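**Q** For reference, the structure I am asking about is given below.
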Amino acid sequence: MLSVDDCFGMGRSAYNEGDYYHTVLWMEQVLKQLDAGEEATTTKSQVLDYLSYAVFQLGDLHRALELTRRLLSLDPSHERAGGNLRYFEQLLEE
């Protein structure tokens, strides 16, 4: 019903309130619509940034690692995401 960019703004707003569950609900919807080829100004790397932080807050550890890996693949100079990936691999995968 809402556009990709509208849904992204909903997700950003929830994140700023510290509402990580609703951040996930909105950002997951954005990923669906982006994958369906819907046109948007928001990019996938932006979505993965918010979603990986929100799912980490909610305790979904290997999902957060997966999404952090995908974020870096689409945004290799993302210094924070590179530090997060090193954190998660040291913590979870040996």
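Letters A, B, ... mark the chains of the structure tokens in the order given; residue numbers begin at 1 per chain; ligand numbers begin at 1, in order shown.
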Can you pull out the residues contacting residue 3 (chain A)? Cut-off 12 Å, using only C-alpha atoms, and skip same-chain residues under 4 positions away; I want them as JSON, numbers by chain.
**A** {"A": [7, 8, 9, 10, 26, 29, 30, 31, 32, 33, 34, 38, 39, 40, 41, 42]}
**Q** Write out the residues from the selection above, keeping N, CA and C atoms, as a PDB file, in the first residue's frame.
**A**
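Saved result, selection.pdb, follows:
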```
ATOM      1  N   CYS A   7       7.686   3.526   3.180  1.00  0.00           N
ATOM      2  CA  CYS A   7       7.942   2.455   4.136  1.00  0.00           C
ATOM      3  C   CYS A   7       9.299   2.622   4.791  1.00  0.00           C
ATOM      4  N   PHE A   8      10.303   3.067   4.018  1.00  0.00           N
ATOM      5  CA  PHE A   8      11.624   3.303   4.583  1.00  0.00           C
ATOM      6  C   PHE A   8      11.576   4.413   5.623  1.00  0.00           C
ATOM      7  N   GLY A   9      10.813   5.473   5.347  1.00  0.00           N
ATOM      8  CA  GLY A   9      10.674   6.553   6.318  1.00  0.00           C
ATOM      9  C   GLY A   9       9.965   6.115   7.587  1.00  0.00           C
ATOM     10  N   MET A  10       8.946   5.264   7.448  1.00  0.00           N
ATOM     11  CA  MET A  10       8.320   4.637   8.611  1.00  0.00           C
ATOM     12  C   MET A  10       9.347   3.867   9.432  1.00  0.00           C
ATOM     13  N   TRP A  26       8.990  -2.631   9.100  1.00  0.00           N
ATOM     14  CA  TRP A  26       9.044  -1.723   7.960  1.00  0.00           C
ATOM     15  C   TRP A  26      10.194  -2.072   7.025  1.00  0.00           C
ATOM     16  N   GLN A  29       9.628  -5.003   4.845  1.00  0.00           N
ATOM     17  CA  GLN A  29       8.718  -4.702   3.745  1.00  0.00           C
ATOM     18  C   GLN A  29       9.438  -3.964   2.618  1.00  0.00           C
ATOM     19  N   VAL A  30      10.336  -3.036   2.967  1.00  0.00           N
ATOM     20  CA  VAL A  30      11.118  -2.326   1.956  1.00  0.00           C
ATOM     21  C   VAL A  30      11.931  -3.299   1.111  1.00  0.00           C
ATOM     22  N   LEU A  31      12.601  -4.254   1.759  1.00  0.00           N
ATOM     23  CA  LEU A  31      13.359  -5.266   1.026  1.00  0.00           C
ATOM     24  C   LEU A  31      12.466  -6.043   0.068  1.00  0.00           C
ATOM     25  N   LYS A  32      11.252  -6.411   0.506  1.00  0.00           N
ATOM     26  CA  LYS A  32      10.343  -7.104  -0.404  1.00  0.00           C
ATOM     27  C   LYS A  32      10.057  -6.261  -1.631  1.00  0.00           C
ATOM     28  N   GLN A  33       9.727  -4.993  -1.432  1.00  0.00           N
ATOM     29  CA  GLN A  33       9.296  -4.207  -2.569  1.00  0.00           C
ATOM     30  C   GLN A  33      10.473  -3.861  -3.473  1.00  0.00           C
ATOM     31  N   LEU A  34      11.665  -3.657  -2.902  1.00  0.00           N
ATOM     32  CA  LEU A  34      12.846  -3.445  -3.730  1.00  0.00           C
ATOM     33  C   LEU A  34      13.118  -4.671  -4.592  1.00  0.00           C
ATOM     34  N   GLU A  38      10.290  -2.635  -7.521  1.00  0.00           N
ATOM     35  CA  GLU A  38       9.694  -1.320  -7.323  1.00  0.00           C
ATOM     36  C   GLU A  38      10.784  -0.262  -7.327  1.00  0.00           C
ATOM     37  N   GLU A  39      10.487   0.876  -7.933  1.00  0.00           N
ATOM     38  CA  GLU A  39      11.478   1.928  -8.049  1.00  0.00           C
ATOM     39  C   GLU A  39      11.418   2.827  -6.824  1.00  0.00           C
ATOM     40  N   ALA A  40      12.589   3.236  -6.358  1.00  0.00           N
ATOM     41  CA  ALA A  40      12.679   3.966  -5.108  1.00  0.00           C
ATOM     42  C   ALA A  40      13.982   4.731  -5.107  1.00  0.00           C
ATOM     43  N   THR A  41      14.020   5.786  -4.304  1.00  0.00           N
ATOM     44  CA  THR A  41      15.290   6.464  -4.118  1.00  0.00           C
ATOM     45  C   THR A  41      16.135   5.762  -3.070  1.00  0.00           C
ATOM     46  N   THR A  42      15.498   5.093  -2.112  1.00  0.00           N
ATOM     47  CA  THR A  42      16.248   4.335  -1.124  1.00  0.00           C
ATOM     48  C   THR A  42      16.951   3.160  -1.786  1.00  0.00           C
TER      49      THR A  42
END
```
**Q** May I ask which of the residues A:69, A:44, A:22, A:62 is the closest one to residue 84 (chain A), counting only C-alpha atoms?
**A**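 For residue 84 (chain A), the nearest of the given residues is A:69.
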**Q** Considering only C-alpha atoms, return as a PyMOL selection string whatever protein or nucleic-acid residues lie within 7 Å of residue 23 (chain A), sequence-local ones (same chain, fewer than 4 positions apart) excluded.
**A** chain A and resi 11-12+14-15+19+27+51+54
**Q** Kindly give the distance, in Å, that separates CA of residue 89 (chain A) and CA of residue 13 (chain A), rounded to a single decimal.
**A**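 Computed distance, CA of residue 89 (chain A) to CA of residue 13 (chain A), equals 29.5 Å.
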**Q** In chain A, what's helix (DSSP H, G or I) per DSSP? Answer as a VMD selection string?
**A** chain A and resid 4 to 16 20 to 35 44 to 57 61 to 74 79 to 92
**Q** Keeping only C-alpha atoms, write the selected residues to a file as a PDB file, in the first residue's frame.
**A**
```
ATOM      1  CA  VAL A   4       9.083   1.834  -0.826  1.00  0.00           C
ATOM      2  CA  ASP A   5      10.375   5.245   0.249  1.00  0.00           C
ATOM      3  CA  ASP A   6       7.364   5.832   2.504  1.00  0.00           C
ATOM      4  CA  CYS A   7       7.942   2.455   4.136  1.00  0.00           C
ATOM      5  CA  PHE A   8      11.624   3.303   4.583  1.00  0.00           C
ATOM      6  CA  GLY A   9      10.674   6.553   6.318  1.00  0.00           C
ATOM      7  CA  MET A  10       8.320   4.637   8.611  1.00  0.00           C
ATOM      8  CA  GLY A  11      11.198   2.313   9.471  1.00  0.00           C
ATOM      9  CA  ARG A  12      13.608   5.176  10.119  1.00  0.00           C
ATOM     10  CA  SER A  13      11.048   6.869  12.353  1.00  0.00           C
ATOM     11  CA  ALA A  14      10.553   3.702  14.431  1.00  0.00           C
ATOM     12  CA  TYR A  15      14.313   3.267  14.750  1.00  0.00           C
ATOM     13  CA  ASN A  16      14.712   6.814  16.053  1.00  0.00           C
ATOM     14  CA  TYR A  20      13.476  -2.026  16.909  1.00  0.00           C
ATOM     15  CA  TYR A  21      10.617  -4.477  16.359  1.00  0.00           C
ATOM     16  CA  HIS A  22       8.684  -2.053  14.173  1.00  0.00           C
ATOM     17  CA  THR A  23      11.953  -1.041  12.486  1.00  0.00           C
ATOM     18  CA  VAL A  24      12.209  -4.678  11.348  1.00  0.00           C
ATOM     19  CA  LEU A  25       8.608  -4.804  10.140  1.00  0.00           C
ATOM     20  CA  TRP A  26       9.044  -1.723   7.960  1.00  0.00           C
ATOM     21  CA  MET A  27      12.544  -2.518   6.701  1.00  0.00           C
ATOM     22  CA  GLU A  28      11.596  -6.099   5.822  1.00  0.00           C
ATOM     23  CA  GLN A  29       8.718  -4.702   3.745  1.00  0.00           C
ATOM     24  CA  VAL A  30      11.118  -2.326   1.956  1.00  0.00           C
ATOM     25  CA  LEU A  31      13.359  -5.266   1.026  1.00  0.00           C
ATOM     26  CA  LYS A  32      10.343  -7.104  -0.404  1.00  0.00           C
ATOM     27  CA  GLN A  33       9.296  -4.207  -2.569  1.00  0.00           C
ATOM     28  CA  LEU A  34      12.846  -3.445  -3.730  1.00  0.00           C
ATOM     29  CA  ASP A  35      13.252  -7.098  -4.744  1.00  0.00           C
ATOM     30  CA  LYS A  44      19.200  -1.770  -0.371  1.00  0.00           C
ATOM     31  CA  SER A  45      22.412  -0.999   1.508  1.00  0.00           C
ATOM     32  CA  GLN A  46      20.576   1.730   3.436  1.00  0.00           C
ATOM     33  CA  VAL A  47      17.864  -0.761   4.422  1.00  0.00           C
ATOM     34  CA  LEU A  48      20.349  -3.425   5.508  1.00  0.00           C
ATOM     35  CA  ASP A  49      22.097  -0.905   7.751  1.00  0.00           C
ATOM     36  CA  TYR A  50      18.915  -0.209   9.760  1.00  0.00           C
ATOM     37  CA  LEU A  51      17.700  -3.808   9.668  1.00  0.00           C
ATOM     38  CA  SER A  52      20.974  -5.375  10.836  1.00  0.00           C
ATOM     39  CA  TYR A  53      21.035  -3.020  13.837  1.00  0.00           C
ATOM     40  CA  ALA A  54      17.381  -3.648  14.715  1.00  0.00           C
ATOM     41  CA  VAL A  55      17.579  -7.454  14.476  1.00  0.00           C
ATOM     42  CA  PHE A  56      20.748  -7.348  16.603  1.00  0.00           C
ATOM     43  CA  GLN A  57      18.939  -5.373  19.320  1.00  0.00           C
ATOM     44  CA  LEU A  61      22.477 -12.976  16.142  1.00  0.00           C
ATOM     45  CA  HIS A  62      23.183 -14.996  12.989  1.00  0.00           C
ATOM     46  CA  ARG A  63      20.608 -12.963  11.047  1.00  0.00           C
ATOM     47  CA  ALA A  64      22.494  -9.815  12.132  1.00  0.00           C
ATOM     48  CA  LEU A  65      25.758 -11.363  10.891  1.00  0.00           C
ATOM     49  CA  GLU A  66      24.136 -12.380   7.593  1.00  0.00           C
ATOM     50  CA  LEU A  67      22.733  -8.878   7.022  1.00  0.00           C
ATOM     51  CA  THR A  68      25.994  -7.199   8.049  1.00  0.00           C
ATOM     52  CA  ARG A  69      27.821  -9.349   5.511  1.00  0.00           C
ATOM     53  CA  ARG A  70      25.349  -8.328   2.804  1.00  0.00           C
ATOM     54  CA  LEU A  71      25.596  -4.666   3.830  1.00  0.00           C
ATOM     55  CA  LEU A  72      29.378  -4.645   3.370  1.00  0.00           C
ATOM     56  CA  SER A  73      29.078  -6.394   0.000  1.00  0.00           C
ATOM     57  CA  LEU A  74      26.924  -3.475  -1.215  1.00  0.00           C
ATOM     58  CA  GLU A  79      33.653   1.537   8.076  1.00  0.00           C
ATOM     59  CA  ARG A  80      31.109   0.892  10.839  1.00  0.00           C
ATOM     60  CA  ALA A  81      29.713  -2.144   9.008  1.00  0.00           C
ATOM     61  CA  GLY A  82      33.244  -3.494   8.581  1.00  0.00           C
ATOM     62  CA  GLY A  83      33.839  -3.177  12.309  1.00  0.00           C
ATOM     63  CA  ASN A  84      30.503  -4.871  12.988  1.00  0.00           C
ATOM     64  CA  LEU A  85      31.372  -7.768  10.698  1.00  0.00           C
ATOM     65  CA  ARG A  86      34.703  -8.332  12.464  1.00  0.00           C
ATOM     66  CA  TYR A  87      32.842  -8.195  15.790  1.00  0.00           C
ATOM     67  CA  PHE A  88      30.250 -10.761  14.716  1.00  0.00           C
ATOM     68  CA  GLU A  89      32.679 -13.201  13.127  1.00  0.00           C
ATOM     69  CA  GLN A  90      34.919 -13.154  16.201  1.00  0.00           C
ATOM     70  CA  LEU A  91      31.870 -13.618  18.442  1.00  0.00           C
ATOM     71  CA  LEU A  92      29.869 -16.244  16.515  1.00  0.00           C
TER      72      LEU A  92
END
```
